[PDB]
């Protein structure tokens, strides 16, 4: 009595006996190839923050650009597709003087994202005012009137009597989100050339600003004239530039801003909760896939394991292994 075999050797590895030649094997791995990214099967995969917001970038949405507001769909899974997000309209920003470009990437790390419907503070009667709220032709609103970012209020002195230089003024930014949510407060400051600074604010020297929230302090000094070229903006010439920053207010805490002339006071504020699973990828998402792999894109789990470039991945994925593993499917080989 006995057992038939293919009479051909195939080496496998065992736990206590080392390598053994057997009659047959089943390979357990493949090497994937690179292709486009896709929707993750079983999820709504977040690419753009507001896909219905047409002709808007993620940073446009994060700053509240006019015509770029609306609901941000929740998502348990998100794709980081811009290492350095850009704007595509509104008033010219000197982006790289702060961390502001990362704001939409910070937002996509949360599952739930929404812009507050209340103003966190009243801009017109803020310290150092009263102020009229500045608007710009670079930022056309729904009926094409002059507007501005919904997250901020351009504070311009309303009365010539108070149109003067000011000592640093402190404003408290309260927490207006729902308990459990993080609040991300967007603020900044406008600057211009020397004569336009005198006309707008009654002072043409550099202005200074600080923010402070949860023990995190920042400090900025403005620039008067000699600005870099306008970029990523509304395409309309402007003599001035704005600097924009964000501060994260955690666990229901109040933040503070100290400011002088040109302050962009916060208005609408981001409220975010939960956690979204994020990997790097590229748009557009084409079709669907079992798995999203940072190096291979969308892929489908044909076998339980894979060899090749290990990387961050999400979904129903094959597991990275070091060697092409083989399951034994036969008897011990003996030379015939």
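Positions refer to the first chain, counted from 1.
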Study note, to complete from the structure: Of 128-136 vs 241-249, the stretch with the larger average CA B-factor in the entry is 128-136
Review point. Is the mean CA B factor in the deposited entry higher across 102-110 or across 119-127?
Key: 119-127
**Study point:** Residue of maximum C-alpha B factor among 190, 158, 95, 219, per deposited coordinates
**Key:** 158
Review point. Hey, what third does residue 34 fall into on Cα B-factor, ranked over its chain?
Key: highest
Practice item. Among all modelled residues of this chain, ranked by Cα B factor, put residue 319 in the bottom, middle or top third, i.e. lowest, middle or highest. Key: lowest
Exercise for review: Would you mind checking where the Cα B-factor of residue 223 ranks among the modelled residues of its chain, as the lowest, middle or highest third?
Suggested key: lowest
Review point. Taking the C-alpha B-factors as the PDB entry records them, is residue 294 in the lowest, middle or highest third of its chain?
Key: middle
Point to revise | residue 77 - which third its CA temperature factor falls in, relative to the rest of the chain | key: middle
